[PDB]
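> How does the following fold in three dimensions:
(chains A, B, C, D and E)
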Amino acid sequence: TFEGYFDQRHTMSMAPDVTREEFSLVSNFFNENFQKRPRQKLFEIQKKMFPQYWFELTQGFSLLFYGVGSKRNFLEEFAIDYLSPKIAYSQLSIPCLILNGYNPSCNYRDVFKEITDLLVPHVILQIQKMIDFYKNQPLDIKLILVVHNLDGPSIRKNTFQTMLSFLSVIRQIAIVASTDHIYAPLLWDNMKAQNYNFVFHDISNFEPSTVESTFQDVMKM
Amino acid sequence: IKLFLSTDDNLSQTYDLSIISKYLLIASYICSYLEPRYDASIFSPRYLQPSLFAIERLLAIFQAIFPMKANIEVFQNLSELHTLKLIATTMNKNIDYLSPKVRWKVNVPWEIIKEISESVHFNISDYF
Amino acid sequence: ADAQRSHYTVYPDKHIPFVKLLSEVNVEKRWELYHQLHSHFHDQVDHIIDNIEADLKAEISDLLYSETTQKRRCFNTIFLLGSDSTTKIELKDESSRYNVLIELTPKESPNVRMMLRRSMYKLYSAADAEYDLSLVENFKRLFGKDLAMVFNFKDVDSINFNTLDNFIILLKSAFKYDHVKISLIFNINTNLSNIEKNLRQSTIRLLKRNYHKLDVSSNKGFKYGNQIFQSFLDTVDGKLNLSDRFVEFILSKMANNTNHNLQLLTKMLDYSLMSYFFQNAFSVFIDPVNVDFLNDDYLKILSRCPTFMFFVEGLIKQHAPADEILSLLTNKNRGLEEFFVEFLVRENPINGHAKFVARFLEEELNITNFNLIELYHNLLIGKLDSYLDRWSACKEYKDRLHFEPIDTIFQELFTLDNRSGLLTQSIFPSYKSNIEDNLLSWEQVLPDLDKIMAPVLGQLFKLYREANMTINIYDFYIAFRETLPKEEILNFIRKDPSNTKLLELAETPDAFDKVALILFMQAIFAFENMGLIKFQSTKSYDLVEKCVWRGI
Amino acid sequence: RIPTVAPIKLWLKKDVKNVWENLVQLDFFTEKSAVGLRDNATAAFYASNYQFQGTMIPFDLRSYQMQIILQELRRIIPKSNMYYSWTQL
Amino acid sequence: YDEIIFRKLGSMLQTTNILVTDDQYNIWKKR
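Numbers count the residues shown, from 1 in each chain, chains lettered A, B, ... in the order given. Sharing the structure here:
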C-alpha cells in the first residue's frame, strides 16, 4: 500500500570479482537444468490459447503480451509456426516481419522502408496514404508485424510510437507486441491506445531473459 | 456599459475530465507543492514555481486519496494528462518517459485544482 | 544468430477459427450464424462512422469558404476544440485562386527561420505540382494565379508558443499584397483558454478579429453513442439478451475515457459478441430450423438453468400432479423439447419499449440530453419512473411508458453477463498488480532444486518488498546470498560433469559468492529493464534506488 | 484607510497580463539570468539552438529581476502621485 | 489448477458460474 512507500558506506569491491566467462557459465548451465520441465509443461498448456489469439487477430484486434520472463520464443513460434500458415492456407506467403525493439539502434526510417516496399505498389503522410488505399482493398491479411520490446530503447521515443500506432489502422496488418517495463501502459495516450486497439493477456512465463541483456552488457558491476 | 466594464480581449466546467484524471491531477499538485518531509506524517510556496517529483510519489498519493490498484486506465489517464500538457516533464525533444532521468511537475494553477477538488468533493484546502 | 539484426522478415485442414465444444457440422453452423450477425452489426458500425466523418467536413468547408464583407485583411481563424491529428481536410478548386494545404506540426516549428523556410518549400512544391516571403510576393508574377494559404496547426498544445507567436507576426506582414489570403486552423486538446495564457495579448487581438469556434468531439451530447447503442439493439433482433451485470460493466468502464468513447463501446460490444458464440453452444439455436440438433448434453445444460430449478421446485412445493415431474425425472418422451421450442417462440417487448421511450423523448418531448445506456439499465432494473422523473415533463407519459420485464426459462443460455472476470482481465488488465502477484504468488503460474528454489526475480522481489528507498547494493547482495541452499546448489550443479568449466568454477571456494553475485547482477539488470530499480552508477555501483512499490 | 459609509478597483488578474507584457518590453523588468543581446554570430547560433526554461514555464511563474530600485523610484516619482506613499517599505 | 490459469490468462474456455455445476445436481437430484 501507500504506507509501504511512505514508510520506506560499503563498496562493490567487498564482493569477489567476476569475469566475462564466469558470467556466462552460470546463465548457460543453470537455465538448461533449472525449471526446464515445468516450463515446458506450462508452454504445452499455454499453446492451447493460439486459436483464441488467431480469432482475435481475424476480428481486427492487436495483441499485446506482458508478464515476467522473456517473450521472444512465444511470439516467434506463434508468428511462424501457427499464425502465418493458417492465414495463408485456410483462406485458400505472408511476410513475418520481426522487429527487435531492444536494439538501441533500430532506425524507424529503415523499418518504414521495408514496410513501404512490402505493402505499397513525412512518413506519417505516406502511412495516411496507405490507410486511405487499403480501406477499399480486400480485408485479407498480408503482413504480420511482430514488435518485440514495444518499450525498448529504440521504441520508447514518441515519434516511433506515433509511427507504429497508425499501422494498426490498416486491417491487412497483424500487430503482435510484448513489453517488460512495469509502467509500460504509460506510453500510450487516448489516441495511441485507440489506434492500437490492444487486447491484453498475461503471459508471465519466467523464461530467462538472455537475448535482451546481450545488447547491453551486465559486466559493468 | 458592459462593453466598458470588461476588456473583452479574451479569446472566448472549464475542464471536463474523468474522475481518475481529476484525482490524479489533485495528487500531482499535492506532490508538486508539498515538501517531501510530510509524506510520512500527513497521509499515514504557492507563489513559487512548482517543484519536481517522481511517479512513485504520485501513484502512492493517488492511491491514498481516491475514494484503485494499478490497472492500465490510471496510466492511460496520466499519459492523457501529459498529452493534454496538464502535467509537464523535464524535456523538450524525443520524449522518453520510461527513462529514469525524467521528472514530473504540475502545469496547472491553483484556481483550477480548487474547482476540481470541489467537483470530486476533496479537501486540499485542509492539507496546507 | 539472427537477433543481432535490427529487423528481418521470414516467409512460410481449412481451420475456421472456432473450436469444438464438449470435448463437426454444429461448429460450422455456429460460425456461420455468428458471422452473419457480426457482419450485420459491422455494416451499421461502418455506416455510422462514415456518416460521422462526413458530418464535420461540410461545416469545415462552410467556415473556410463563407466569404464575409470585410475591407480589411486578417487571418481566417478556426478553433477545433477536442480535435486530434487524425482529422483531414480537402480544399475547393476555385477558378482564379490556387489553394495549398500547409501542414505545420510541432516538429516542423523549432524556430521562425525553419518555419518560413518549410512553409515556402511546401508552397513551391504544390505550385510546381500544379524560400522566403519574396516567393509569396512574386507568386502571381510567376504562376499567374492568386494564392490562398491554409495553415493547419496540427497540435497547438505542444508547440513552443513563443515561436508561434513570433511567426504569426511574421505572417502579418504578408497582408501588404493584394493577391494573398491566409487561413489558420488550430487543433486544441484542452480548453480554449489554455492558449490565452501562453500567447502574448498582442497576438490574441490579431486572432480575435476573425475567428470561428467548433467542437469536433465524439461525445457531443450522447447523440452518436445513443445511435450506436440502439443500432446494437437492432442488430441483435432479440436473438440474444444483455444482462444488468454487463450493462453495469459497460457503464463502469465507459466514463474513464472522454475523447473516443465510441471506439471503446464498439470494442466492448464486439468482444462480448465474439465471446458469446465461442462460449455458448445454444447460440446455434438462434436459428430454430436446426431443432433436430437437440442432444443429451443440450438437455443437461438446460437442466442446469436456475430458472428450470425454480420452475420445478415451484411445481413440487405446490404438490402438483406427480406425473409431470416424473416425466422429467424418468426422462421419458422429452416434451421439454417442445417446451423449449415454445420458449424460443417467445417475444421480448423490452427492446421495443426501450426503442420507443427514446423515440418518444426525442420526437414527442424533444428531450435529447440523456444517455441511452442509462435508460436501458433503468428499464432492466425497473426504476424507470425515477429516471423519467429526472425531467419535469415526464409525468403522464412516464406513467404510460411504465414497463415491467418478465423472465423466461433457460434465459441464462441466451444472456450475456460479466460473471467470471474474463471480460475485465482481457481489456482492462491489472498489469502492474498482475506482475506483483505473479512475482509473489508464482504458484498461480507454474504447475529437485526446482521444487524449492523459486524464480530468481520473485526471490529478489521478496527482499525488494521490505528494503529502504535507496539500497546499499552490498547489503542487498548479502540478503540475496543468505537465501541460497549451498549444499543443494552443489547437488544441482554436480549433475553435469560433461562440462569441465562447470566443475572448475564450482569447486572454487569463492564459487558460492561468485554465483550469488552473477545471479544478483542478472536479476538487477532485469529489474532495471522492468523499471524496478535504477543504478547510481553515475556515482557508484554501491547503491541502487527503488522505483516501484506494491499495491499502489 | 478610506472609512466605510453607513447605509478603488482591484483589476482582474487577467487584465493585469497586458500591463505585465508592457513592462517586460520596456525593460523595466528582466528575466532572472537574461544574457540579452549576444556578442557574436556563433553565440547567437548556440543561443537560438537552446531552449531556455524561462520561455517555457507559465506566464505567471517566470522569474524576473528589477532595473529601477525602489529608491530610484522615490527619487523620480512625483509626490503628488497617489501611490507615492508606498515608495517606502 | 486449470481453472485458475484459464481465468488469469483470460481464456474463454474457463467455466462461467452462471449455471451451477453438474456436481451440484449430483446433490440436487436426490431432492
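
> Can I get stretch C:43-51 as CSV, trimmed to CA atoms?
This file holds the C-alpha atoms of stretch C:43-51, laid out as CSV (Å, rounded to 0.1, in the frame of the first residue of the first chain):
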residue,chain,number,x,y,z
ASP,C,43,-22.3,-2.8,-41.6
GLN,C,44,-24.1,-0.3,-39.3
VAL,C,45,-20.9,0.4,-37.4
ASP,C,46,-19.1,1.5,-40.6
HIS,C,47,-22.1,3.3,-41.9
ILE,C,48,-22.3,5.4,-38.7
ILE,C,49,-18.5,6.0,-38.7
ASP,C,50,-18.6,7.3,-42.3
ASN,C,51,-21.6,9.4,-41.5
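
> okay, now residue 16: neighbour count?
Picking chain A for this. Here the number of neighbours of residue A:16 (other C-beta atoms under 10 Å in any protein chain shown) works out to 15. (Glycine included, C-beta is placed from N, CA and C.)

> that's the wrong chain, I wanted chain E
Residues within reach of residue E:16, counting by other C-beta under 10 Å, total 16.

> residues contacting it?
Contacts for residue E:16 were tallied using C-beta atoms under 8 Å, 6 or more residues apart in numbering or on different chains; they are C:279, C:419-420, C:422.

> secondary structure class for the residue in the stretch 101-250 of chain C positioned nearest to chain A?
Proximity to chain A, evaluated over the stretch 101-250 of chain C using C-beta to the nearest C-beta, is greatest for residue C:107 at 7.6 Å. When the structure is reduced to helix, strand and coil (DSSP: H, G, I helix; E, B strand; the rest coil), residue C:107 reads as helix.

> Could you work out the most separated pair of the contacts of residue E:16?
The largest separation in those, counting by C-beta to C-beta, is between C:279 and C:419 at 10.9 Å.

> where does chain A come near chain B, residue by residue?
Taking C-beta under 8 Å from any C-beta of the partner chain as the test, the list of chain A residues beside chain B reads A:1-3, A:5-7, A:151, A:156-159, A:181, A:183-191, A:193, A:200.

> cool, and the stretch 51-200 of chain C?
Listed as neighbours of chain B in the stretch 51-200 of chain C under the rule C-beta under 8 Å from any C-beta: C:157-158, C:189-196.

> Just the buried residues of the residues you listed.
C:157, C:189-192, C:194-196 (16 or more other C-beta atoms under 10 Å in any protein chain shown).

> For the closest residue in space to residue A:8 that isn't next to it in sequence, give me its contacts.
In space, and not counting its chain neighbours, residue A:8 is closest to residue C:469: 5.2 Å by C-beta to C-beta, 6 or more residues apart in numbering or on different chains. Under the criterion of C-beta under 8 Å, 6+ apart, the contact list for residue C:469 reads A:8, C:545-546.

> Check residue C:429 too.
Going by C-beta under 8 Å, 6+ apart, residue C:429 touches A:66, A:200-202, B:71-72.

> Please tell me which one of these counts the most neighbours.
When neighbours are counted by other C-beta under 10 Å, residue A:66 leads the contacts of residue C:429 with 26 neighbours.

> So for stretch A:26-37, what gets flagged as buried?
In terms of neighbour count (16+ other C-beta under 10 Å), stretch A:26-37 has its buried residues at A:26-27, A:29-30, A:34-35.

> Which ones among those map onto helices?
Among the buried residues of stretch A:26-37, the members falling in helices are A:26-27, A:29-30 (criterion: DSSP state H).

> Within reach of chain C, which of these are there?
Taking C-beta under 8 Å from any C-beta as the test, chain C is in contact with A:26-27, A:29-30 out of these.

> circling back to that earlier point, filter the residues of chain A next to chain B to the buried ones?
A:2-3, A:5-6, A:151, A:156-158, A:181, A:183-191, A:193, A:200.

> Could you list the residues of chain B in contact with chain D?
Applying the criterion C-beta under 8 Å from any C-beta, the portion of chain B that neighbours chain D consists of B:7, B:9-10, B:48-50, B:92, B:107, B:109.

> okay if I get the residues of the stretch 51-200 of chain C next to chain B as a markdown table plus secondary structure?
Written out in a markdown table, the entries for those read as follows (three-state DSSP):
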| residue | secondary structure |
| --- | --- |
| C:157 | helix |
| C:158 | helix |
| C:189 | coil |
| C:190 | coil |
| C:191 | coil |
| C:192 | coil |
| C:193 | helix |
| C:194 | helix |
| C:195 | helix |
| C:196 | helix |
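
> and of these, the nearest to chain E?
residue C:189 (32.2 Å).

> Could you say which helix or strand holds the residue positioned nearest the centre of chain B?
Central residue of chain B (C-alpha atoms, centre = their mean): residue B:25, 2.9 Å from the mean position. Element membership for residue B:25 (DSSP states H and E) is helix B:19-33.

> any residues touching stretch A:214-221, and which ones?
Stretch A:214-221 is contacted from outside by A:12, A:18, A:20, A:23, A:102-104, C:3, C:473, C:517, C:521-522, C:524-525, C:537, C:541, using C-beta under 8 Å, 6+ apart.

> out of those residues, which are inside helices?
Where these overlap with helices, as defined by DSSP H, the overlap consists of A:20, A:23, C:473, C:517, C:521-522, C:524-525.

> Any of those residues buried? List them.
For the ones in helices among the contacts of stretch A:214-221, a neighbour count by 16+ other C-beta under 10 Å gives the buried set as A:23, C:473, C:517, C:521-522, C:524-525.

> Helices along chain E, start to end?
E:2-8, E:22-28.

> Kindly reformat those helices as a markdown table containing distance to chain A.
Rendered in a markdown table, the data for the helices of chain E read as follows (distance: least, C-beta to the nearest C-beta, whole Å):
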| stretch | distance to chain A |
| --- | --- |
| helix E:2-8 | 6 |
| helix E:22-28 | 22 |
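
> Packed most tightly, which of those helices would that be?
Here the criterion is mean neighbour count by mean count of other C-beta atoms under 10 Å in any protein chain shown, and of those the winner is helix E:2-8, at a mean of 16.

> how about a markdown table for the residues of the stretch 51-200 of chain C next to chain B, with distance to chain A added?
As requested, these are arranged in a markdown table below (distance: C-beta to the nearest C-beta, whole Å):
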| residue | distance to chain A |
| --- | --- |
| C:157 | 12 |
| C:158 | 10 |
| C:189 | 9 |
| C:190 | 13 |
| C:191 | 16 |
| C:192 | 19 |
| C:193 | 21 |
| C:194 | 17 |
| C:195 | 20 |
| C:196 | 24 |
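
> quick one, what contacts residue 87?
You didn't say which chain, so I picked chain A. Residue A:87 is in contact with A:94, A:141, A:144, A:174, counting by C-beta under 8 Å, 6+ apart.

> please go with chain D instead
Residues near residue D:87 by C-beta under 8 Å, 6+ apart: D:70, D:73-74, D:77.

> rerun at 6 Å
With contact taken as C-beta atoms under 6 Å, 6 or more residues apart in numbering or on different chains, residue D:87 is in contact with D:73-74, D:77.

> try residue C:190
residue B:84.

> Would you mind measuring from residue A:80 to residue C:550?
The gap separating residue A:80 from residue C:550 is 38 Å, by C-beta to C-beta, to the nearest Å.

> ugh, typo on my part, it should be residue C:173
Spatial separation of residue C:173 from residue C:550 under the definition C-beta to C-beta is 60 Å.

> strand partners of the host helix or strand of residue C:78, parallel vs antiparallel please.
Counting by DSSP H and E, the element that carries residue C:78 is strand C:76-81. On the basis of DSSP bridges, the sheet neighbours of strand C:76-81 come out as strand C:180-188 (parallel), strand C:211-215 (parallel).

> count of residues packed around residue A:131?
When counting by other C-beta under 10 Å, one arrives at 15 neighbours for residue A:131.

> Next: the one 5 residues further on.
Neighbours of residue A:136 under the rule other C-beta under 10 Å: 6.
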